[PDB]
Each structure stands twice: as C-alpha cells, then as structure tokens.
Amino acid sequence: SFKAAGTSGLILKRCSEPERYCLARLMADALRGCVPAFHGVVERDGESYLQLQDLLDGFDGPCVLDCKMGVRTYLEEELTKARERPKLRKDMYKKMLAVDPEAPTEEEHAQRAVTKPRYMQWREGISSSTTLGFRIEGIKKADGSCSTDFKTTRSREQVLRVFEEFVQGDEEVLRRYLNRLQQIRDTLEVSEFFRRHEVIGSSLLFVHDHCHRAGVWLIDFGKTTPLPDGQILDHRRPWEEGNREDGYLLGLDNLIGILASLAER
C-alpha cells in the first residue's frame, strides 16, 4: 500500500476515492493538524498515490503503535451486501478456528467460509473493540521488532499493559501522548468534518522516540463516509443498524482513561 516519495519528508499511499475525499476536506477542517498533511495526488507506474507527510520523519528511531478506533469496524452497507449476495471468505474462516474452534457455526464449518461482517464482528468481540471502542493492532520499532499479536487483547488492564510495555517507563512520552489525546478529543468535538462523517476503520497512530518526542495522528480514511443531508452522529451512543454510529469517541474516552490510569501507577 505504501511507496517512497521523491521529496524529503513525504510518503506515498495508493489512492482510494473515499480517502482522497476525506484528506482534502480535513486540510480545511479543525482536524487539519491531527492528521498527516495531504499534498495532493501523483502518478507512478500508471497508478494514483496520495502524497502524505511521513509522520516518522521528525523522530530518531521511532516506536509506533497503531490503534483501530471504533466499536464497529465495517460499513453498514457490508451487512446489506452479506444478506443479498454473500461473498464467502475462506481465509477468515481459518483464523476463527485458530483463536476459537467453537466460534464458527455448524453451517460455517460446512462452508469453510464466513461473511466479512461476520468475521469483523467476531474480531471486535474477542478484542477490546466492542467493550472499549478501540483496539491495539500492532507495534513497530526501530529496535526492528514488530508485533501484530493482539487479537485477544480485550480487558482494560490487558490494554494498559501493552501501553506500559510500549512507553517503557518514559514519563515524558506518556504525558505528551496524554496531552495530545486531550487536544485531539477537543478538536474532534468541534470538528465539522467529524460530526458529519461516519469514521470506520481509521486508527490513531502513536509515535515516540528515545529523545522523548511523542506525537499522535488520525490515519486511514478509506472507510470514512459522509452522512446524508445534515444528519449527524454523537460518536458515543451504541451502534444499532440504521443509526450509523461508530463509537469513535467512546473509544477515545476509554483510551485517554487508560493512559491517565497508567500515568498514576
């Protein structure tokens, strides 16, 4: 999905129409500073790429944690599609049997395949997504080491322990992360973009280094979609099919609470 840009400090991501639309709006929004700078689109090898700020550029050997935000992680239109015209996914079946052999139904076992929405719902439930409104997806280091081994990280305390290990006792990093999340929450709550879009499948990317530099940005607007006609979301109330609620701010509230708790340990 990513390639190296010519210009210093930039990075290319394969263009997608929803994401291009979102980033454009966001540069003119209150949230402008809370997302990677978007510099337009460019062609390479006959294909479109977003020109983005490389969020790692200011850092010396950055540690990175990606947190998928929301209680729901698929669009409502996927549910519609899975009813009328299910696309059976065999890979998604095998993961289930790995985490939980009793998870698939008798019929799923017989099909060796599940619908995407079914797969995404189960993933939300064995992780923290359903209960806390976010989940940890991965950690990268310049230590070189990366991990995506977080599929059953669910309890508030399991999540805390992952962040505890990620910050490695750096009080300044943690204080900065918290300060940045508070300011992001404040921006989200007045953002014109945020009240009028359903924000699904995006992440908060935490970045720090051994010099105590810390930043956090919202990324990945590929599944972020406008609400029709001045309908708005509050981003905290439970999702019920039809209301298009994403629980984004429930997740952000909970994440801030966990980091604040960690800070007081």
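A residue's number is simply how far along the shown sequence it sits, counting from 1. Rigid core here is just the name for the largest C-alpha set that superposes within 1.5 Å across the two forms.
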| note | In terms of RMS C-alpha distance in 8 other deposited structures of this protein following rigid core superposition, 179-187 and 135-143 differ, and the farther one is 135-143
| How do 94-102 and 108-116 compare in 8 other deposited structures of this protein: which one has C-alphas farther from this form after the rigid core is matched? | 94-102
| query | Per the entry, where is the mean C-alpha temperature factor higher: 101-109 or 181-189? | reply | 101-109
| task | Averaging only over Cα atoms, indicate whether 209-217 or 56-64 has the higher B-factor in the PDB entry. | result | 56-64
| message | In terms of recorded Cα temperature factor, pick the maximum from 70, 222, 46, 33. | response | 46
| message | In terms of recorded Cα temperature factor, pick the maximum from 199, 27, 232, 204. | response | 232
| said: Quick check for you: using the entry's CA B-factors within this chain, is residue 17 in the lowest, middle or highest third? | reply: highest
| field | residue 142 by Cα B-factor - lowest, middle or highest third of the modelled chain | value | highest
| said: Taking only the Cα B-factors deposited for this chain, tell me whether residue 23 sits in the lowest, middle or highest third. | reply: middle
| If you rank the chain by CA B-factor, which third does residue 84 end up in: lowest, middle or highest? | highest
| message | Among the modelled residues of this chain, does the Cα B factor of residue 133 put it in the lowest, middle or highest third? | response | lowest
